[PDB]
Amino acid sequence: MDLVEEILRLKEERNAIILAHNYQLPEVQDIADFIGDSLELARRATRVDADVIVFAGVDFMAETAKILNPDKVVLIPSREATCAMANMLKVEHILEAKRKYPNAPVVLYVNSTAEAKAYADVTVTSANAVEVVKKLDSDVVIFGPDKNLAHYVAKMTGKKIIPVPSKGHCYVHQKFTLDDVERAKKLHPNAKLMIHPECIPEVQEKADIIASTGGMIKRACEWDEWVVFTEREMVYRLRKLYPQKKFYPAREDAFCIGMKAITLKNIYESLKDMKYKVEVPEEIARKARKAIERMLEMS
């Protein structure tokens, strides 16, 4: 494909940087200027000197980048790139919890809607949720939208966690079952199990290490053979970072359809047409920024 070389000429003449999440297609990872989890992506978005950000991720991640860079152009290659977990949390869920627990801080995953983040005291990802919640003064915390991460946070902080909404979860990581753990140990007897904290608690209890995708990268040096309980394209990421090690997905069907809405072709069309421009209403942007900034400073 001359498509790769044409993306690179376009981004260079646009003064653009391509930021990509770890779950992006291999073709997208191979052209990205930076690849990381959502916390690393949020951090990288605070030191962008480029004029344009092309965000190879889901729409609410791109909105976070826009909240952190209101002066810059942020493009999402497809407006259908979205997070099913984040869409489960409505503002009314938060207000109801705030009425019932008036002194609980509101702690939302950074991928939530900008409207929901406007009601957060602080945001988190899987990478920093325990560290942030531990620092909060209150013993009661409103937390969402992922109930499986909420379970993990309650276990690691000892605090009372009120999940909002009740059914919030990521369907990709919810796919994993104890049956998949048992099958992994038979297929790969010498491997260790990396499990993401968005998996269900009984699956997490089987892990050798429980870690966000950034944590999986930091801890892969502890063993040479891993079975990976997270989204399929993280296995590609690990294999390219560590060619000398062995990695295997726990389920080949554990893939995020929203992440896969971004392709090499619509990144090219994104740079060619300067679309689609990400905008956040000023009122909502300002309130969400305060919680995202608190997250960065508390991490």
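Counting begins at 1, following the sequence as shown. Note that the rigid core is defined as the largest set of C-alphas that superpose within 1.5 Å between two forms.
- The stretch that moves more in 7 other deposited structures of this protein, judged by CA deviation after a rigid core superposition and choosing between 147-155 and 110-118, is 110-118.
- Superposing the other copies on the rigid core and comparing 51-59 to 247-255, farther C-alpha placement in 7 other deposited structures of this protein marks 247-255.
- The stretch 263-271 shows the higher mean C-alpha B-factor when 54-62 is compared against 263-271 in the entry.
- Of the two segments, 8-16 and 21-29, the one listed with the higher mean B-factor is 8-16 (C-alpha atoms only).
- Residue-level inspection of the entry shows that, of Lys192, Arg79, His173, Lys167, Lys167 has the top Cα B-factor.
- Ranking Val133, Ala154, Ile142, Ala86 by the C-alpha B-factor listed in the PDB entry places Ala86 at the top.
- The deposited CA B-factor of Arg44 belongs to the lowest third of values across its chain.
- For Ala127, the recorded CA temperature factor ranks within the lowest third of the chain's modelled residues.
- Among the modelled residues of its chain, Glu231 has a C-alpha B-factor that falls in the lowest third according to the deposited record.
- Looking at the C-alpha B-factors along this chain, the one for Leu187 belongs to the highest third.
- The deposited CA B-factor of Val74 belongs to the lowest third of values across its chain.
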